[PDB]
Amino acid sequence: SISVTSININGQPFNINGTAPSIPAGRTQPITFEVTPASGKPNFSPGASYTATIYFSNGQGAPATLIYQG
Amino acid sequence: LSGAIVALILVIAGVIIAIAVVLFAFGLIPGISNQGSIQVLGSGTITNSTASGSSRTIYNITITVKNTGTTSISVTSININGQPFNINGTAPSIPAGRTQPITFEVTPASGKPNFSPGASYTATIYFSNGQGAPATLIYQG
Amino acid sequence: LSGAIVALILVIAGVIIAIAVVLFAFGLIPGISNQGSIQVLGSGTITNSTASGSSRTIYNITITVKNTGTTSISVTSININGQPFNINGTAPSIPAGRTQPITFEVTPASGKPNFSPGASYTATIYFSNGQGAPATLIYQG
Amino acid sequence: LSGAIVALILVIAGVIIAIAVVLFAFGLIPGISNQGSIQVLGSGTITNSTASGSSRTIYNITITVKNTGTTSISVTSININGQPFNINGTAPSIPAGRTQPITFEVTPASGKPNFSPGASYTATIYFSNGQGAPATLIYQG
Amino acid sequence: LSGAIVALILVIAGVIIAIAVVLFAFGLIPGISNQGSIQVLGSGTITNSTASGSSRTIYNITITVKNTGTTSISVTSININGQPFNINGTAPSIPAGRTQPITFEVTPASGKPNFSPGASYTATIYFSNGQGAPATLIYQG
Amino acid sequence: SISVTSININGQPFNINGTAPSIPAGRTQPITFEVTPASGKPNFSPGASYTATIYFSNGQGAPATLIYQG
Amino acid sequence: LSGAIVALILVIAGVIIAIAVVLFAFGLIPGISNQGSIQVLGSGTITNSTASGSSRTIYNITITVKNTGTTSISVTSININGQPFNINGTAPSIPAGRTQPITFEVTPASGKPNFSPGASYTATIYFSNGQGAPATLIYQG
Ligand SMILES: *[C@@H]1O[C@H](CO)[C@@H](O[C@@H]2O[C@H](CO[C@H]3O[C@H](CO)[C@@H](O)[C@H](O)[C@@H]3O)[C@@H](O)[C@H](O)[C@H]2NC(C)=O)[C@H](O)[C@H]1NC(C)=O
Ligand SMILES: *[C@@H]1O[C@H](CO)[C@@H](O[C@@H]2O[C@H](CO[C@H]3O[C@H](CO)[C@@H](O)[C@H](O)[C@@H]3O)[C@@H](O)[C@H](O)[C@H]2NC(C)=O)[C@H](O)[C@H]1NC(C)=O
Ligand SMILES: *[C@@H]1O[C@H](CO)[C@@H](O[C@@H]2O[C@H](CO[C@H]3O[C@H](CO)[C@@H](O)[C@H](O)[C@@H]3O)[C@@H](O)[C@H](O)[C@H]2NC(C)=O)[C@H](O)[C@H]1NC(C)=O
Ligand SMILES: *[C@@H]1O[C@H](CO)[C@@H](O[C@@H]2O[C@H](CO[C@H]3O[C@H](CO)[C@@H](O)[C@H](O)[C@@H]3O)[C@@H](O)[C@H](O)[C@H]2NC(C)=O)[C@H](O)[C@H]1NC(C)=O
Ligand SMILES: *[C@@H]1O[C@H](CO)[C@@H](O[C@@H]2O[C@H](CO[C@H]3O[C@H](CO)[C@@H](O)[C@H](O)[C@@H]3O)[C@@H](O)[C@H](O)[C@H]2NC(C)=O)[C@H](O)[C@H]1NC(C)=O
Ligand SMILES: *[C@@H]1O[C@H](CO)[C@@H](O[C@@H]2O[C@H](CO[C@H]3O[C@H](CO)[C@@H](O)[C@H](O)[C@@H]3O)[C@@H](O)[C@H](O)[C@H]2NC(C)=O)[C@H](O)[C@H]1NC(C)=O
Ligand SMILES: *[C@@H]1O[C@H](CO)[C@@H](O[C@@H]2O[C@H](CO[C@H]3O[C@H](CO)[C@@H](O)[C@H](O)[C@@H]3O)[C@@H](O)[C@H](O)[C@H]2NC(C)=O)[C@H](O)[C@H]1NC(C)=O
Ligand SMILES: *[C@@H]1O[C@H](CO)[C@@H](O[C@@H]2O[C@H](CO[C@H]3O[C@H](CO)[C@@H](O)[C@H](O)[C@@H]3O)[C@@H](O)[C@H](O)[C@H]2NC(C)=O)[C@H](O)[C@H]1NC(C)=O
Ligand SMILES: *[C@@H]1O[C@H](CO)[C@@H](O[C@@H]2O[C@H](CO[C@H]3O[C@H](CO)[C@@H](O)[C@H](O)[C@@H]3O)[C@@H](O)[C@H](O)[C@H]2NC(C)=O)[C@H](O)[C@H]1NC(C)=O
Ligand SMILES: *[C@@H]1O[C@H](CO)[C@@H](O[C@@H]2O[C@H](CO[C@H]3O[C@H](CO)[C@@H](O)[C@H](O)[C@@H]3O)[C@@H](O)[C@H](O)[C@H]2NC(C)=O)[C@H](O)[C@H]1NC(C)=O
Ligand SMILES: *[C@@H]1O[C@H](CO)[C@@H](O[C@@H]2O[C@H](CO[C@H]3O[C@H](CO)[C@@H](O)[C@H](O)[C@@H]3O)[C@@H](O)[C@H](O)[C@H]2NC(C)=O)[C@H](O)[C@H]1NC(C)=O
Ligand SMILES: *[C@@H]1O[C@H](CO)[C@@H](O[C@@H]2O[C@H](CO[C@H]3O[C@H](CO)[C@@H](O)[C@H](O)[C@@H]3O)[C@@H](O)[C@H](O)[C@H]2NC(C)=O)[C@H](O)[C@H]1NC(C)=O
Ligand SMILES: *[C@@H]1O[C@H](CO)[C@@H](O[C@@H]2O[C@H](CO[C@H]3O[C@H](CO)[C@@H](O)[C@H](O)[C@@H]3O)[C@@H](O)[C@H](O)[C@H]2NC(C)=O)[C@H](O)[C@H]1NC(C)=O
Ligand SMILES: *[C@@H]1O[C@H](CO)[C@@H](O[C@@H]2O[C@H](CO[C@H]3O[C@H](CO)[C@@H](O)[C@H](O)[C@@H]3O)[C@@H](O)[C@H](O)[C@H]2NC(C)=O)[C@H](O)[C@H]1NC(C)=O
Ligand SMILES: *[C@@H]1O[C@H](CO)[C@@H](O[C@@H]2O[C@H](CO[C@H]3O[C@H](CO)[C@@H](O)[C@H](O)[C@@H]3O)[C@@H](O)[C@H](O)[C@H]2NC(C)=O)[C@H](O)[C@H]1NC(C)=O
Ligand SMILES: *[C@@H]1O[C@H](CO)[C@@H](O[C@@H]2O[C@H](CO[C@H]3O[C@H](CO)[C@@H](O)[C@H](O)[C@@H]3O)[C@@H](O)[C@H](O)[C@H]2NC(C)=O)[C@H](O)[C@H]1NC(C)=O
């Protein structure tokens with residue numbers, strides 16, 4: 001089982017609010033988690049797509065695309 | 001001994017980063033769709049809207065916009081006749097799935113325009129989804 | 001004497017561990033390099049499945065799909081017109097080497113869509129491979 | 001004895017440096033995003049801005065720029081028609097998340113341009129995030 | 001001594017595995033790069049095949065088709081006037097290098113068409129290649 | 001002289017039916033051998049490309065593309 | 001004792017070889033540009049050049065060619081309107097940096113073509129770069 005530890009979105013660092021989700025071994029899931037900007041504030045536009053990097057307890061990170069819904 | 005142990009770490013890391021980059025390339029694809037959400041319907045109008053003797057020329061751009069996307073989208077800039085214009089006050093937005101006459105105030109950023117009553121100007125309107133749309137605007141006076 | 005016998009042990013052990021890591025690198029190749037994919041053929045269709053004033057809107061999605069791999073693979077998500085959708089019920093599994101029209105039901109994950117009868121929407125279907133395919137779906141009504 | 005003790009140190013150091021390099025490769029990834037922050041909207045304008053009889057030709061470049069990034073970004077250079085230009089005074093900056101008509105003074109670094117009234121010049125604008133953007137500029141006189 | 005012999009093994013094994021991947025890349029070329037296609041020549045025709053008040057409407061489709069590839073290829077779907085149709089019975093297979101009038105029967109997949117005698121409909125035929133061809137069909141009655 | 005010891009097609013294990021084919025020293029040649037799926041039931045499609053990794057008596061594995069004909 | 005000295009030499013040599021490989025990667029770039037040294041510009045002409053009812057029809061291929069490379073470059077082969085053709089004489093060659101008319105005699109490689117006065121035919125001329133340039137020849141004879 002491995003958990004998220006940080007996310008960076010559109011270049012900006014974010015902190016996970018509350019307990020970070022843990023993903024069980026061998027499993028596919030939609031995870032959901034809350035985040036706050038670490039410093040500054042973002043300028044997300046409805047329907048725009050942002051490159052993000054999620055970092056896991058492995059130290060491994062994954063590039064991702066997130067679409068801002070509103 | 002060291003070299004083989006190092007090569008093993010870098011092989012496994014190579015597989016992990018390569019797969020993550022391939023998944024990212026598949027993961028981009030949904031974002032591309034939204035670049036086409038807006039289209040501009042018919043001729044719009046430009047109208048001189050400033051008060052008498054005011055320091056700033058301010059015009060009024062009315063256009064029908066259609067939003068085929070799943071999110072609200074806003075006008076971010078307009079280029080008229082080759083001139084960039086600044087958008088005054090709050091940008092207008094068009095709701096998801098709707099078609100509406102949209103109205104906004106603009107002021108010229110380069111020089112001053114010399115619009116002629118009943119003359120037809122090609123604009124390009126730019127929207128918050130990162131899209132440009134060609135438009136025709138008729139100056140009303 | 002000692003230094004030379006130890007140097008020889010570490011030469012021999014170096015050969016052994018280096019060859020073990022080289023054989024491991026050859027052993028990765030089958031897992032990382034499976035060719036072939038789910039291919040999506042022609043346009044699909046979206047149809048309103050929602051009935052009897054139900055609280056959740058459900059859509060049929062029908063599309064022709066060709067599995068060119070050697071294993072059965074299933075749909076896992078679809079994104080349509082930028083919006084994410086969940087598969088309702090059990091997702092369809094496409095047998096190895098086979099071409100089929102698949103049909104599956106979907107609900108919007110959040111918000112709601114604004115499909116127009118006869119309009120064409122870009123969609124991305126994601127399979128159990130993590131591979132996705134861009135597709136065009138025409139909304140039927 | 002010595003050889004085995006040395007090999008042990010170099011094995012453990014090998015693991016540590018290899019892991020640190022793998023973590024660095026994952027740690028680079030957020031920096032790549034920022035290379036796409038800017039885009040240039042519509043035609044800009046060039047205007048001759050120098051005073052009568054002055055030794056230096058100085059032009060005025062007005063363009064709409066959109067910053068989708070999370071930080072302020074500034075214009076660092078412009079190349080017009082294939083000529084490099086120097087940027088005079090302070091570089092302009094566009095705030096995080098905003099779309100603005102941006103204006104700056106430039107002077108030619110190679111030879112002199114011979115801009116023609118109403119003629120259209122392809123430029124490339126370069127920004128402090130390390131990004132180039134193609135632009136069209138119309139010379140106003 | 002050990003470190004250098006291990007470095008040399010990993011140089012040699014690196015050459016071997018790199019050349020193996022380069023030879024694999026050359027080995028992909030024939031499968032990914034088959035030239036030539038089904039070409040659709042002139043207009044086709046749609047004719048009402050439905051008889052005796054049958055519950056399902058069936059249409060003849062006749063069109064001239066030229067296979068410029070080296071393998072026999074079959075139709076798999078047609079879309080006409082935006083609407084999907086299923087091939088009834090066994091789909092026709094077009095021999096390599098050959099020009100033929102093919103004829104096949106089709107039924108609407110969902111809904112029903114509104115063909116007008118003498119009107120021309122844009123259609124897309126999809127072949128076993130996954131390749132499709134736009135076509136014009138004239139409805140005969 | 002070096003022989004095919006095992007083959008994996010598109011990630012799946014496969015068994016050489018007959019005796020193993022063997023290629024003499026210094027030779028370049030066509031090599032042909034009969035093979036069966038080791039587990040399950042694959043289904044190849046005409047003109048589609050499948051990777052095979054062929055493993056030789058060196059322990060060496062070579063990736064190859066096979067195009068299905070049948 | 002030796003293991004550390006060997007590790008140091010291979011660390012230092014690793015830096016040298018990695019930098020050398022990076023420099024080699026750039027050093028290819030001016031080289032590969034020569035792949036596009038030739039431009040064929042304007043319309044060319046093709047003219048009957050044979051005499052006295054001789055057994056070979058021979059033609060006049062005149063084109064204007066610009067060589068941007070640092071070596072003299074020659075016509076290796078020509079294909080006219082899809083058909084193979086053989087240069088009768090020795091190949092024409094265009095010096096480095098020159099723009100000039102180039103003229104050469106050519107014969108059909110197979111069959112018997114028949115050009116019509118004032119009609120336009122494509123030729124692709126293949127140069128000693130392996131580069132092919134399409135050109136239009138107008139027939140004169
Ligand atoms: C970040 O994580 C906190 C837990 O790590 C979480 O605390 C919990 O808060 C909920 C209720 O929170 C509501 O009210 C607060 C004001 O008190 C708002 O800031 C917040 O946004 C919510 O509207 C409470 O039921 C629960 O017991 C708390 N848990 C713990 C362990 O303290 C924060 O709420 C969360 N921050 C946000 C903004 O959601
Ligand atoms: C997400 O929701 C937040 C709460 O509604 C909102 O923050 C509030 O924003 C207003 C002013 O910010 C303006 O700019 C943002 C740009 O994203 C607009 O979305 C928003 O409509 C306003 O025009 C501020 O006065 C108020 O104090 C904020 N409240 C909080 C909770 O901080 C965010 O703006 C909104 N979007 C983003 C990208 O975070
Ligand atoms: C920019 O032009 C807009 C288009 O006319 C306008 O907003 C619109 O308002 C009109 C109605 O305007 C009349 O009626 C109001 C009373 O309801 C009076 O205040 C005013 O004097 C008018 O003659 C409406 O029909 C239209 O739909 C609105 N906009 C849209 C969505 O098209 C603005 O007033 C104008 N602004 C300036 C400063 O010129
Ligand atoms: C928008 O309306 C303004 C008045 O509501 C008007 O200002 C007046 O301008 C006139 C003269 O207009 C000419 O000269 C100006 C420069 O002075 C040009 O920009 C303009 O295109 C005309 O060629 C002036 O006599 C008067 O004092 C101004 N004020 C009032 C109360 O009348 C703007 O000129 C007008 N702009 C456009 C484009 O029509
Ligand atoms: C480079 O061009 C700029 C674009 O015009 C300009 O800055 C802009 O200033 C204009 C307003 O200029 C007029 O009004 C001021 C009085 O407010 C007078 O000083 C001047 O004589 C003008 O006719 C403004 O509309 C525009 O938004 C500004 N820039 C932007 C962000 O677009 C500079 O003045 C000019 N510099 C030179 C040396 O040419
Ligand atoms: C989406 O695909 C479903 C199968 O995956 C399909 O279910 C089948 O429904 C048919 C009957 O469907 C008719 O009636 C419904 C209303 O009940 C209409 O919405 C529909 O358009 C048809 O007119 C039934 O015979 C069959 O046994 C069902 N099979 C399964 C596996 O459920 C849905 O009908 C289909 N939805 C639409 C709108 O086509
Ligand atoms: C698919 O069918 C759904 C069931 O009939 C329908 O949802 C119902 O819609 C009405 C009002 O939504 C309106 O807007 C949609 C736009 O798509 C129109 O198609 C529809 O005619 C109405 O004008 C709502 O009152 C009712 O509660 C909904 N019922 C459910 C099951 O949610 C959808 O609207 C329809 N289309 C789409 C795109 O999902
Ligand atoms: C989403 O998938 C569910 C299975 O994963 C499926 O449950 C099955 O439902 C059918 C009958 O469903 C009808 O009635 C319900 C209300 O109870 C409606 O919401 C629904 O739309 C249908 O009209 C039942 O025969 C079957 O046993 C259920 N299977 C299981 C495993 O529970 C849901 O119906 C499906 N949602 C929709 C909207 O189709
Ligand atoms: C920008 O404006 C300057 C004046 O504000 C102008 O300087 C004048 O130039 C004219 C003649 O211009 C021609 O010749 C010059 C070389 O002398 C060329 O660079 C230019 O493109 C024209 O072909 C001269 O008679 C006069 O004395 C100068 N000064 C004034 C006060 O008029 C610049 O030439 C002008 N640059 C451009 C590109 O328009
Ligand atoms: C190599 O090209 C350089 C680029 O032009 C040039 O240095 C530049 O000098 C120009 C200005 O040159 C003009 O003005 C000076 C008077 O100030 C005259 O001496 C001369 O005749 C010119 O027409 C300057 O704009 C530019 O910024 C300088 N260089 C840079 C940093 O771009 C050199 O003169 C030239 N050298 C040779 C031998 O060709
Ligand atoms: C669509 O193509 C069919 C062949 O793929 C063809 O079947 C042949 O039919 C002919 C006789 O057709 C005549 O009679 C039917 C009514 O029975 C009319 O609909 C039709 O227009 C003709 O007047 C028969 O001799 C032949 O053996 C059949 N061959 C096969 C392979 O079935 C259909 O007739 C054709 N439909 C139409 C409307 O032309
Ligand atoms: C769609 O394809 C079927 C074969 O895939 C074909 O079945 C054949 O049918 C013919 C005779 O069909 C006639 O009668 C049926 C009613 O039984 C009508 O629906 C049909 O339109 C024809 O008038 C038969 O000789 C042959 O043996 C069948 N072949 C097989 C393999 O079953 C269907 O007829 C065909 N549908 C239509 C509408 O033509
Ligand atoms: C799978 O491998 C077997 C050995 O590697 C091979 O055995 C050889 O068989 C041939 C003759 O086989 C025929 O008869 C058998 C029944 O006994 C059939 O199953 C088969 O299809 C053939 O028709 C024999 O001459 C030879 O000596 C055998 N070799 C050895 C080493 O014993 C099988 O033939 C092979 N399977 C197939 C289907 O070829
Ligand atoms: C697939 O491989 C089978 C053996 O690996 C082979 O069966 C053996 O067939 C040969 C017949 O000799 C011919 O083999 C093929 C065509 O059959 C040609 O490439 C070749 O030049 C010869 O003409 C037979 O002698 C032998 O006993 C069979 N079995 C063994 C154990 O050797 C199949 O023929 C082959 N099929 C295809 C389509 O390639
Ligand atoms: C086709 O190419 C030949 C070499 O590229 C070229 O040979 C040259 O010939 C000229 C003189 O040729 C005359 O005489 C011959 C008979 O021997 C006739 O066929 C021809 O039409 C001319 O009348 C000679 O000076 C030169 O040295 C030769 N070059 C070489 C490299 O040997 C042929 O002339 C050419 N065909 C034609 C029709 O010109
Ligand atoms: C077609 O090209 C032939 C050679 O490629 C050429 O024959 C050679 O002719 C020249 C004569 O010199 C003249 O060439 C043409 C007109 O004849 C003019 O463009 C050019 O300016 C010269 O006036 C002769 O010296 C030479 O020996 C011939 N052969 C070779 C191998 O060079 C034809 O003249 C030419 N025909 C046409 C109509 O362009």
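We count ligands from 1, going down the list as the structure has it; atoms in each ligand are counted the same way. Chain identifiers are assigned alphabetically (A, B, ...) following the order of the sequence lines, protein sequences preceding nucleic acid strands; residue numbering begins at 1 within each chain.
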(request) Considering only protein heavy atoms, determine whether one is less than 4.0 Å from atom 26 (C) of ligand 15. (result) no
(request) Look up atom CD1 in C:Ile38 and atom CZ in C:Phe127, then write down how far apart they are to the nearest 0.5 Å. (result) 5.5 Å
(message) Under 4.0 Å and counting heavy atoms only, is there anything from the protein next to atom 2 (O) of ligand 6?
(response) yes
(message) Quick check on the 6.0 Å ring-centre criterion: do A:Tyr68 and A:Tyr50 meet it?
(response) no
(message) Please report whether atom 21 (O) of ligand 15 has a protein non-hydrogen atom at a separation of less than 4.0 Å.
(response) no
(message) For atom 5 (O) of ligand 15, what is the closest protein heavy atom, and at what distance to 0.1 Å?
(response) G:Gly89 CA, 3.1 Å
(request) Give a yes or no answer on whether the side chain of A:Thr53 reaches the backbone of A:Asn8 with a donor-acceptor pair at less than 3.5 Å. (result) no
(request) Looking only at distances, please establish whether an N/O atom of ligand 6 is found under 3.5 Å from an N/O atom of C:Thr103. (result) no
(request) Calculate, to the nearest 0.5 Å, the distance between atoms CG and OG1 belonging to G:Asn48 and G:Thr50 respectively. (result) 7.0 Å
(request) Give the residue and atom name of whichever protein heavy atom lies nearest to atom 35 (C) of ligand 15, and the separation in Å to one decimal. (result) G:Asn88 ND2, 2.5 Å
Using a 3.5 Å cut-off and no angle test, enumerate the donor-acceptor pairs between side-chain atoms of residues 87-110 of chain C and protein atoms at least two apart in sequence or in another chain.
unit_1: C:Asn88; atom_1: OD1; unit_2: C:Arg56; atom_2: NH1; d: 2.7
unit_1: C:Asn88; atom_1: OD1; unit_2: C:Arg56; atom_2: NH2; d: 2.5
unit_1: C:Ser93; atom_1: OG; unit_2: C:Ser72; atom_2: OG; d: 2.9
unit_1: C:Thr103; atom_1: OG1; unit_2: C:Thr62; atom_2: OG1; d: 2.8
unit_1: C:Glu105; atom_1: OE2; unit_2: C:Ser49; atom_2: OG; d: 2.6

(request) Using a strict cut-off of 4.0 Å, indicate which atoms of ligand 15 neighbour a heavy atom of G:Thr90. (result) 5 (O)
(message) Protein non-hydrogen atoms only, distance under 4.0 Å: does atom 38 (C) of ligand 2 have such a neighbour?
(response) yes
(request) Could you check atom 6 (C) of ligand 6 against the protein and tell me its nearest heavy-atom contact, residue, atom and distance included? (result) C:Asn60 ND2, 4.2 Å
(message) Checking contacts here: is it the side chain or the backbone of G:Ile58 that comes within 4.0 Å of ligand 15, counting heavy atoms only? Could be both or neither.
(response) side chain
(request) Could you check whether the rings of A:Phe14 and A:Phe44 sit parallel, tilted or perpendicular, using 30° and 60° as the cut-offs? (result) parallel
(message) As a test of the contact definition, would atom 15 (C) of ligand 15 count as having a protein heavy-atom neighbour under 4.0 Å?
(response) no
(message) Please list, in number order, the atoms of ligand 6 under 4.0 Å from a heavy atom of C:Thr47.
(response) 38 (C)
(message) Under 4.0 Å from atom 29 (N) of ligand 15, can you find at least one protein heavy atom?
(response) no
(request) Calculate, to the nearest 0.5 Å, the distance between atoms CG and OG belonging to B:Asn129 and A:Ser49 respectively. (result) 10.5 Å
(request) Starting from atom 17 (O) of ligand 2, locate the nearest protein heavy atom and write down its residue, its atom name and how far away it is, to 0.1 Å. (result) A:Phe44 O, 4.5 Å
(request) Measure C:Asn48 to ligand 6 on non-hydrogen atoms and call it side chain, backbone, both or neither using the 4.0 Å cut-off. (result) backbone
(request) Kindly say whether C:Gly82 contributes a backbone atom to a donor-acceptor pair with the side chain of B:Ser33 at under 3.5 angstrom? (result) no
(request) Can you sort out the partners of E:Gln83 under side chain to side chain donor-acceptor pair (under 3.5 Å), two or more places apart, ordered by chain and number? (result) none
(request) To the nearest 0.5 angstrom, please state how far the CG atom of B:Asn34 sits from the CD1 atom of A:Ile67. (result) 5.5 Å
(request) Looking only at protein heavy atoms, identify the closest one to atom 36 (N) of ligand 2 and say how far it is in Å. (result) A:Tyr68 OH, 4.1 Å
